[PDB]
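Below you'll find the structure, written out as structure tokens, and then a few comments.
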Amino acid sequence: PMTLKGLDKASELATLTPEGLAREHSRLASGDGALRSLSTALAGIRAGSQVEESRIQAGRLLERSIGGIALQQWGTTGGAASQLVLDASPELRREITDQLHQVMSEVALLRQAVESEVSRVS
């Protein structure tokens, strides 16, 4: 459940911005960071879900290249994503954001899958 919460914050990533991209990134990449939690929440599902699909779906995302930078990057500072943003700002926020929103879309598929497993337990 806690892992899902981490992914829940990812919902904000779908509403990321350019201004916050430079700032939110740092914060979103900090403790509890929605950007960082997104990557963590995903990893949590990889070993949090009792379905190979959850891990496969999560893994595929964790291995996915967001904004041209691995997703695992759009969830931590000092990565390639940081450099990617260092270049594009207004456009990145447009494309990167558009991609982020889409990234969460797929996460919802895996997310719901996890809830289904934890739900079935009930």
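Each chain of the structure tokens is named A, B, ... in the order shown, its residues numbered from 1; ligands are numbered from 1 in display order.
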Exercise. As a PyMOL selection string, which residues of chain A does DSSP assign to strand (DSSP E)?
Worked result: chain A and resi 65-66+69-70
Please return as a PDB file with N, CA and C atoms, in the first residue's frame: the residues of chain A that backbone DSSP assigns to alpha helix (DSSP H).
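This went into out19.pdb:
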ATOM      1  N   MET A   2       1.883   1.242   0.849  1.00  0.00           N
ATOM      2  CA  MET A   2       2.790   2.373   0.955  1.00  0.00           C
ATOM      3  C   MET A   2       3.470   2.659  -0.385  1.00  0.00           C
ATOM      4  N   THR A   3       3.806   1.584  -1.083  1.00  0.00           N
ATOM      5  CA  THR A   3       4.459   1.704  -2.375  1.00  0.00           C
ATOM      6  C   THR A   3       3.551   2.438  -3.365  1.00  0.00           C
ATOM      7  N   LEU A   4       2.263   2.151  -3.261  1.00  0.00           N
ATOM      8  CA  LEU A   4       1.284   2.773  -4.137  1.00  0.00           C
ATOM      9  C   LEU A   4       1.253   4.279  -3.871  1.00  0.00           C
ATOM     10  N   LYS A   5       1.392   4.627  -2.600  1.00  0.00           N
ATOM     11  CA  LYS A   5       1.382   6.023  -2.200  1.00  0.00           C
ATOM     12  C   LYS A   5       2.509   6.764  -2.922  1.00  0.00           C
ATOM     13  N   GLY A   6       3.660   6.110  -2.983  1.00  0.00           N
ATOM     14  CA  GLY A   6       4.818   6.693  -3.639  1.00  0.00           C
ATOM     15  C   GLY A   6       4.531   6.968  -5.117  1.00  0.00           C
ATOM     16  N   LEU A   7       3.745   6.080  -5.709  1.00  0.00           N
ATOM     17  CA  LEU A   7       3.388   6.215  -7.110  1.00  0.00           C
ATOM     18  C   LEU A   7       2.274   7.253  -7.251  1.00  0.00           C
ATOM     19  N   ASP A   8       1.482   7.373  -6.195  1.00  0.00           N
ATOM     20  CA  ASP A   8       0.382   8.321  -6.187  1.00  0.00           C
ATOM     21  C   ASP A   8       0.922   9.727  -6.462  1.00  0.00           C
ATOM     22  N   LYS A   9       2.040  10.032  -5.818  1.00  0.00           N
ATOM     23  CA  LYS A   9       2.667  11.333  -5.984  1.00  0.00           C
ATOM     24  C   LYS A   9       3.033  11.533  -7.456  1.00  0.00           C
ATOM     25  N   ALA A  10       3.341  10.424  -8.113  1.00  0.00           N
ATOM     26  CA  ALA A  10       3.708  10.465  -9.517  1.00  0.00           C
ATOM     27  C   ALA A  10       2.610  11.181 -10.307  1.00  0.00           C
ATOM     28  N   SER A  11       1.406  11.137  -9.759  1.00  0.00           N
ATOM     29  CA  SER A  11       0.268  11.776 -10.398  1.00  0.00           C
ATOM     30  C   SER A  11       0.574  13.252 -10.656  1.00  0.00           C
ATOM     31  N   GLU A  12       1.416  13.809  -9.799  1.00  0.00           N
ATOM     32  CA  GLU A  12       1.797  15.205  -9.922  1.00  0.00           C
ATOM     33  C   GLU A  12       2.735  15.396 -11.117  1.00  0.00           C
ATOM     34  N   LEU A  13       3.539  14.372 -11.365  1.00  0.00           N
ATOM     35  CA  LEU A  13       4.484  14.415 -12.469  1.00  0.00           C
ATOM     36  C   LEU A  13       3.722  14.636 -13.778  1.00  0.00           C
ATOM     37  N   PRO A  18       7.521  23.668 -16.305  1.00  0.00           N
ATOM     38  CA  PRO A  18       8.872  24.091 -16.630  1.00  0.00           C
ATOM     39  C   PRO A  18       9.554  24.728 -15.418  1.00  0.00           C
ATOM     40  N   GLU A  19       8.813  25.602 -14.754  1.00  0.00           N
ATOM     41  CA  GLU A  19       9.332  26.285 -13.581  1.00  0.00           C
ATOM     42  C   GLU A  19       9.685  25.272 -12.490  1.00  0.00           C
ATOM     43  N   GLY A  20       8.763  24.349 -12.264  1.00  0.00           N
ATOM     44  CA  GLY A  20       8.962  23.322 -11.255  1.00  0.00           C
ATOM     45  C   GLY A  20       9.943  22.255 -11.746  1.00  0.00           C
ATOM     46  N   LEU A  21      10.089  22.191 -13.061  1.00  0.00           N
ATOM     47  CA  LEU A  21      10.989  21.224 -13.668  1.00  0.00           C
ATOM     48  C   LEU A  21      12.409  21.461 -13.150  1.00  0.00           C
ATOM     49  N   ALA A  22      12.748  22.733 -13.007  1.00  0.00           N
ATOM     50  CA  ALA A  22      14.067  23.107 -12.524  1.00  0.00           C
ATOM     51  C   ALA A  22      14.069  23.088 -10.994  1.00  0.00           C
ATOM     52  N   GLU A  24      10.918  21.926  -8.915  1.00  0.00           N
ATOM     53  CA  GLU A  24      10.199  20.726  -8.525  1.00  0.00           C
ATOM     54  C   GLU A  24      11.090  19.494  -8.692  1.00  0.00           C
ATOM     55  N   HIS A  25      11.926  19.543  -9.719  1.00  0.00           N
ATOM     56  CA  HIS A  25      12.833  18.444 -10.000  1.00  0.00           C
ATOM     57  C   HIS A  25      13.694  18.162  -8.767  1.00  0.00           C
ATOM     58  N   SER A  26      14.291  19.224  -8.247  1.00  0.00           N
ATOM     59  CA  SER A  26      15.140  19.106  -7.074  1.00  0.00           C
ATOM     60  C   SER A  26      14.323  18.595  -5.886  1.00  0.00           C
ATOM     61  N   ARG A  27      13.167  19.212  -5.694  1.00  0.00           N
ATOM     62  CA  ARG A  27      12.285  18.831  -4.603  1.00  0.00           C
ATOM     63  C   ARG A  27      11.623  17.485  -4.902  1.00  0.00           C
ATOM     64  N   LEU A  28      11.154  17.353  -6.134  1.00  0.00           N
ATOM     65  CA  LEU A  28      10.499  16.127  -6.558  1.00  0.00           C
ATOM     66  C   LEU A  28      11.528  14.996  -6.613  1.00  0.00           C
ATOM     67  N   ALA A  34       8.065  13.481  -5.545  1.00  0.00           N
ATOM     68  CA  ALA A  34       7.103  12.792  -6.388  1.00  0.00           C
ATOM     69  C   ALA A  34       7.833  12.158  -7.575  1.00  0.00           C
ATOM     70  N   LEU A  35       8.856  12.860  -8.041  1.00  0.00           N
ATOM     71  CA  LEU A  35       9.641  12.380  -9.166  1.00  0.00           C
ATOM     72  C   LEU A  35      10.479  11.179  -8.722  1.00  0.00           C
ATOM     73  N   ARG A  36      11.053  11.306  -7.534  1.00  0.00           N
ATOM     74  CA  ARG A  36      11.878  10.243  -6.985  1.00  0.00           C
ATOM     75  C   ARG A  36      11.000   9.098  -6.476  1.00  0.00           C
ATOM     76  N   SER A  37       9.906   9.476  -5.833  1.00  0.00           N
ATOM     77  CA  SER A  37       8.978   8.495  -5.294  1.00  0.00           C
ATOM     78  C   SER A  37       8.359   7.681  -6.432  1.00  0.00           C
ATOM     79  N   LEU A  38       8.222   8.333  -7.576  1.00  0.00           N
ATOM     80  CA  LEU A  38       7.648   7.684  -8.743  1.00  0.00           C
ATOM     81  C   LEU A  38       8.522   6.492  -9.140  1.00  0.00           C
ATOM     82  N   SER A  39       9.823   6.739  -9.177  1.00  0.00           N
ATOM     83  CA  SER A  39      10.773   5.702  -9.538  1.00  0.00           C
ATOM     84  C   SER A  39      10.819   4.632  -8.445  1.00  0.00           C
ATOM     85  N   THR A  40      10.793   5.097  -7.204  1.00  0.00           N
ATOM     86  CA  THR A  40      10.831   4.195  -6.067  1.00  0.00           C
ATOM     87  C   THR A  40       9.532   3.390  -5.980  1.00  0.00           C
ATOM     88  N   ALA A  41       8.423   4.099  -6.133  1.00  0.00           N
ATOM     89  CA  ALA A  41       7.117   3.466  -6.075  1.00  0.00           C
ATOM     90  C   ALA A  41       7.045   2.356  -7.126  1.00  0.00           C
ATOM     91  N   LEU A  42       7.710   2.602  -8.245  1.00  0.00           N
ATOM     92  CA  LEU A  42       7.729   1.636  -9.331  1.00  0.00           C
ATOM     93  C   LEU A  42       8.530   0.405  -8.899  1.00  0.00           C
ATOM     94  N   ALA A  43       9.729   0.665  -8.400  1.00  0.00           N
ATOM     95  CA  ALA A  43      10.600  -0.408  -7.948  1.00  0.00           C
ATOM     96  C   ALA A  43       9.894  -1.204  -6.849  1.00  0.00           C
ATOM     97  N   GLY A  44       9.104  -0.490  -6.060  1.00  0.00           N
ATOM     98  CA  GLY A  44       8.371  -1.114  -4.972  1.00  0.00           C
ATOM     99  C   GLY A  44       7.344  -2.115  -5.508  1.00  0.00           C
ATOM    100  N   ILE A  45       6.819  -1.803  -6.683  1.00  0.00           N
ATOM    101  CA  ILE A  45       5.830  -2.663  -7.312  1.00  0.00           C
ATOM    102  C   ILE A  45       6.533  -3.871  -7.935  1.00  0.00           C
ATOM    103  N   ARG A  46       7.736  -3.624  -8.433  1.00  0.00           N
ATOM    104  CA  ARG A  46       8.519  -4.678  -9.055  1.00  0.00           C
ATOM    105  C   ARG A  46       8.671  -5.861  -8.098  1.00  0.00           C
ATOM    106  N   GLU A  52       4.158 -11.217 -12.179  1.00  0.00           N
ATOM    107  CA  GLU A  52       5.285 -10.934 -13.049  1.00  0.00           C
ATOM    108  C   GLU A  52       4.961  -9.760 -13.975  1.00  0.00           C
ATOM    109  N   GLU A  53       3.672  -9.586 -14.228  1.00  0.00           N
ATOM    110  CA  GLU A  53       3.217  -8.510 -15.092  1.00  0.00           C
ATOM    111  C   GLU A  53       3.489  -7.154 -14.437  1.00  0.00           C
ATOM    112  N   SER A  54       3.253  -7.103 -13.135  1.00  0.00           N
ATOM    113  CA  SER A  54       3.467  -5.879 -12.382  1.00  0.00           C
ATOM    114  C   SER A  54       4.934  -5.454 -12.480  1.00  0.00           C
ATOM    115  N   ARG A  55       5.812  -6.428 -12.293  1.00  0.00           N
ATOM    116  CA  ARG A  55       7.241  -6.170 -12.357  1.00  0.00           C
ATOM    117  C   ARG A  55       7.664  -5.883 -13.798  1.00  0.00           C
ATOM    118  N   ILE A  56       7.092  -6.652 -14.714  1.00  0.00           N
ATOM    119  CA  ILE A  56       7.400  -6.491 -16.125  1.00  0.00           C
ATOM    120  C   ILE A  56       6.942  -5.108 -16.588  1.00  0.00           C
ATOM    121  N   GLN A  57       5.753  -4.732 -16.138  1.00  0.00           N
ATOM    122  CA  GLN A  57       5.190  -3.442 -16.498  1.00  0.00           C
ATOM    123  C   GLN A  57       5.975  -2.314 -15.824  1.00  0.00           C
ATOM    124  N   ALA A  58       6.291  -2.532 -14.556  1.00  0.00           N
ATOM    125  CA  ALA A  58       7.035  -1.547 -13.790  1.00  0.00           C
ATOM    126  C   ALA A  58       8.469  -1.473 -14.320  1.00  0.00           C
ATOM    127  N   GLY A  59       9.067  -2.645 -14.486  1.00  0.00           N
ATOM    128  CA  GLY A  59      10.429  -2.725 -14.983  1.00  0.00           C
ATOM    129  C   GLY A  59      10.562  -2.026 -16.337  1.00  0.00           C
ATOM    130  N   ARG A  60       9.612  -2.317 -17.212  1.00  0.00           N
ATOM    131  CA  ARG A  60       9.610  -1.725 -18.540  1.00  0.00           C
ATOM    132  C   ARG A  60       9.623  -0.199 -18.440  1.00  0.00           C
ATOM    133  N   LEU A  61       8.954   0.301 -17.413  1.00  0.00           N
ATOM    134  CA  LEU A  61       8.880   1.736 -17.193  1.00  0.00           C
ATOM    135  C   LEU A  61      10.198   2.222 -16.584  1.00  0.00           C
ATOM    136  N   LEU A  62      10.683   1.457 -15.617  1.00  0.00           N
ATOM    137  CA  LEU A  62      11.927   1.798 -14.947  1.00  0.00           C
ATOM    138  C   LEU A  62      13.068   1.786 -15.966  1.00  0.00           C
ATOM    139  N   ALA A  80      21.023  11.706 -15.843  1.00  0.00           N
ATOM    140  CA  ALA A  80      21.054  12.238 -17.196  1.00  0.00           C
ATOM    141  C   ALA A  80      19.863  13.177 -17.397  1.00  0.00           C
ATOM    142  N   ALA A  81      18.765  12.837 -16.737  1.00  0.00           N
ATOM    143  CA  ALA A  81      17.556  13.638 -16.835  1.00  0.00           C
ATOM    144  C   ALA A  81      17.878  15.087 -16.466  1.00  0.00           C
ATOM    145  N   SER A  82      18.683  15.234 -15.425  1.00  0.00           N
ATOM    146  CA  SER A  82      19.073  16.555 -14.961  1.00  0.00           C
ATOM    147  C   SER A  82      19.739  17.332 -16.098  1.00  0.00           C
ATOM    148  N   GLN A  83      20.607  16.639 -16.818  1.00  0.00           N
ATOM    149  CA  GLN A  83      21.315  17.250 -17.930  1.00  0.00           C
ATOM    150  C   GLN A  83      20.350  17.533 -19.081  1.00  0.00           C
ATOM    151  N   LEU A  84      19.439  16.594 -19.293  1.00  0.00           N
ATOM    152  CA  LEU A  84      18.456  16.729 -20.354  1.00  0.00           C
ATOM    153  C   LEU A  84      17.663  18.022 -20.148  1.00  0.00           C
ATOM    154  N   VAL A  85      17.227  18.219 -18.912  1.00  0.00           N
ATOM    155  CA  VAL A  85      16.460  19.406 -18.570  1.00  0.00           C
ATOM    156  C   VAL A  85      17.366  20.635 -18.655  1.00  0.00           C
ATOM    157  N   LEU A  86      18.631  20.423 -18.325  1.00  0.00           N
ATOM    158  CA  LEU A  86      19.605  21.501 -18.359  1.00  0.00           C
ATOM    159  C   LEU A  86      19.602  22.140 -19.749  1.00  0.00           C
ATOM    160  N   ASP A  87      19.226  21.338 -20.733  1.00  0.00           N
ATOM    161  CA  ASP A  87      19.175  21.811 -22.107  1.00  0.00           C
ATOM    162  C   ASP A  87      17.799  22.418 -22.383  1.00  0.00           C
ATOM    163  N   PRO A  90      11.547  25.107 -21.663  1.00  0.00           N
ATOM    164  CA  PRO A  90      10.168  25.359 -22.046  1.00  0.00           C
ATOM    165  C   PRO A  90       9.629  24.230 -22.926  1.00  0.00           C
ATOM    166  N   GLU A  91      10.493  23.746 -23.808  1.00  0.00           N
ATOM    167  CA  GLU A  91      10.118  22.671 -24.710  1.00  0.00           C
ATOM    168  C   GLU A  91      10.097  21.335 -23.965  1.00  0.00           C
ATOM    169  N   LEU A  92      11.119  21.133 -23.148  1.00  0.00           N
ATOM    170  CA  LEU A  92      11.229  19.908 -22.374  1.00  0.00           C
ATOM    171  C   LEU A  92       9.988  19.752 -21.494  1.00  0.00           C
ATOM    172  N   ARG A  93       9.626  20.844 -20.837  1.00  0.00           N
ATOM    173  CA  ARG A  93       8.465  20.843 -19.964  1.00  0.00           C
ATOM    174  C   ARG A  93       7.205  20.492 -20.757  1.00  0.00           C
ATOM    175  N   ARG A  94       7.243  20.816 -22.041  1.00  0.00           N
ATOM    176  CA  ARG A  94       6.116  20.542 -22.916  1.00  0.00           C
ATOM    177  C   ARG A  94       6.128  19.078 -23.356  1.00  0.00           C
ATOM    178  N   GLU A  95       7.272  18.660 -23.878  1.00  0.00           N
ATOM    179  CA  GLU A  95       7.428  17.291 -24.339  1.00  0.00           C
ATOM    180  C   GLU A  95       7.651  16.353 -23.152  1.00  0.00           C
ATOM    181  N   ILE A  96       8.623  16.713 -22.328  1.00  0.00           N
ATOM    182  CA  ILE A  96       8.946  15.916 -21.156  1.00  0.00           C
ATOM    183  C   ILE A  96       7.677  15.691 -20.332  1.00  0.00           C
ATOM    184  N   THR A  97       6.948  16.777 -20.119  1.00  0.00           N
ATOM    185  CA  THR A  97       5.717  16.714 -19.352  1.00  0.00           C
ATOM    186  C   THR A  97       4.698  15.813 -20.053  1.00  0.00           C
ATOM    187  N   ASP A  98       4.569  16.019 -21.355  1.00  0.00           N
ATOM    188  CA  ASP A  98       3.638  15.236 -22.149  1.00  0.00           C
ATOM    189  C   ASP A  98       3.981  13.752 -22.012  1.00  0.00           C
ATOM    190  N   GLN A  99       5.277  13.478 -21.967  1.00  0.00           N
ATOM    191  CA  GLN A  99       5.749  12.109 -21.837  1.00  0.00           C
ATOM    192  C   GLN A  99       5.521  11.602 -20.413  1.00  0.00           C
ATOM    193  N   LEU A 100       5.752  12.490 -19.458  1.00  0.00           N
ATOM    194  CA  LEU A 100       5.578  12.146 -18.056  1.00  0.00           C
ATOM    195  C   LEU A 100       4.123  11.740 -17.814  1.00  0.00           C
ATOM    196  N   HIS A 101       3.219  12.530 -18.373  1.00  0.00           N
ATOM    197  CA  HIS A 101       1.798  12.265 -18.225  1.00  0.00           C
ATOM    198  C   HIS A 101       1.473  10.881 -18.793  1.00  0.00           C
ATOM    199  N   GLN A 102       2.123  10.565 -19.903  1.00  0.00           N
ATOM    200  CA  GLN A 102       1.914   9.283 -20.553  1.00  0.00           C
ATOM    201  C   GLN A 102       2.562   8.162 -19.738  1.00  0.00           C
ATOM    202  N   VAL A 103       3.671   8.505 -19.099  1.00  0.00           N
ATOM    203  CA  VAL A 103       4.394   7.542 -18.286  1.00  0.00           C
ATOM    204  C   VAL A 103       3.500   7.079 -17.135  1.00  0.00           C
ATOM    205  N   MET A 104       2.791   8.036 -16.555  1.00  0.00           N
ATOM    206  CA  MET A 104       1.898   7.740 -15.449  1.00  0.00           C
ATOM    207  C   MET A 104       0.710   6.896 -15.914  1.00  0.00           C
ATOM    208  N   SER A 105       0.306   7.131 -17.153  1.00  0.00           N
ATOM    209  CA  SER A 105      -0.811   6.401 -17.728  1.00  0.00           C
ATOM    210  C   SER A 105      -0.541   4.896 -17.668  1.00  0.00           C
ATOM    211  N   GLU A 106       0.666   4.529 -18.073  1.00  0.00           N
ATOM    212  CA  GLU A 106       1.062   3.131 -18.071  1.00  0.00           C
ATOM    213  C   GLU A 106       1.234   2.629 -16.635  1.00  0.00           C
ATOM    214  N   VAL A 107       1.708   3.526 -15.782  1.00  0.00           N
ATOM    215  CA  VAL A 107       1.923   3.190 -14.385  1.00  0.00           C
ATOM    216  C   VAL A 107       0.584   2.822 -13.743  1.00  0.00           C
ATOM    217  N   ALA A 108      -0.465   3.475 -14.221  1.00  0.00           N
ATOM    218  CA  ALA A 108      -1.800   3.227 -13.704  1.00  0.00           C
ATOM    219  C   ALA A 108      -2.203   1.784 -14.015  1.00  0.00           C
ATOM    220  N   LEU A 109      -1.765   1.318 -15.175  1.00  0.00           N
ATOM    221  CA  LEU A 109      -2.073  -0.037 -15.600  1.00  0.00           C
ATOM    222  C   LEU A 109      -1.427  -1.029 -14.631  1.00  0.00           C
ATOM    223  N   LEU A 110      -0.154  -0.792 -14.351  1.00  0.00           N
ATOM    224  CA  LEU A 110       0.587  -1.653 -13.445  1.00  0.00           C
ATOM    225  C   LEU A 110       0.117  -1.402 -12.011  1.00  0.00           C
ATOM    226  N   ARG A 111      -0.148  -0.136 -11.722  1.00  0.00           N
ATOM    227  CA  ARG A 111      -0.602   0.249 -10.397  1.00  0.00           C
ATOM    228  C   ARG A 111      -1.884  -0.505 -10.035  1.00  0.00           C
ATOM    229  N   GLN A 112      -2.873  -0.378 -10.909  1.00  0.00           N
ATOM    230  CA  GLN A 112      -4.149  -1.039 -10.695  1.00  0.00           C
ATOM    231  C   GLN A 112      -3.947  -2.550 -10.559  1.00  0.00           C
ATOM    232  N   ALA A 113      -2.951  -3.049 -11.275  1.00  0.00           N
ATOM    233  CA  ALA A 113      -2.644  -4.469 -11.242  1.00  0.00           C
ATOM    234  C   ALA A 113      -2.202  -4.859  -9.831  1.00  0.00           C
ATOM    235  N   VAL A 114      -1.421  -3.976  -9.225  1.00  0.00           N
ATOM    236  CA  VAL A 114      -0.925  -4.216  -7.880  1.00  0.00           C
ATOM    237  C   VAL A 114      -2.099  -4.205  -6.898  1.00  0.00           C
ATOM    238  N   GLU A 115      -2.932  -3.184  -7.034  1.00  0.00           N
ATOM    239  CA  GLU A 115      -4.092  -3.046  -6.170  1.00  0.00           C
ATOM    240  C   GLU A 115      -4.989  -4.280  -6.282  1.00  0.00           C
ATOM    241  N   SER A 116      -5.011  -4.849  -7.478  1.00  0.00           N
ATOM    242  CA  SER A 116      -5.819  -6.030  -7.731  1.00  0.00           C
ATOM    243  C   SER A 116      -5.282  -7.213  -6.924  1.00  0.00           C
ATOM    244  N   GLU A 117      -3.963  -7.262  -6.810  1.00  0.00           N
ATOM    245  CA  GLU A 117      -3.313  -8.330  -6.072  1.00  0.00           C
ATOM    246  C   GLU A 117      -3.515  -8.135  -4.568  1.00  0.00           C
ATOM    247  N   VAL A 118      -3.270  -6.911  -4.124  1.00  0.00           N
ATOM    248  CA  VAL A 118      -3.420  -6.581  -2.717  1.00  0.00           C
ATOM    249  C   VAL A 118      -4.907  -6.574  -2.355  1.00  0.00           C
ATOM    250  N   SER A 119      -5.724  -6.269  -3.353  1.00  0.00           N
ATOM    251  CA  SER A 119      -7.163  -6.225  -3.153  1.00  0.00           C
ATOM    252  C   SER A 119      -7.715  -7.644  -3.003  1.00  0.00           C
ATOM    253  N   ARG A 120      -7.288  -8.510  -3.911  1.00  0.00           N
ATOM    254  CA  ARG A 120      -7.729  -9.894  -3.891  1.00  0.00           C
ATOM    255  C   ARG A 120      -7.440 -10.523  -2.526  1.00  0.00           C
TER     256      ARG A 120
END
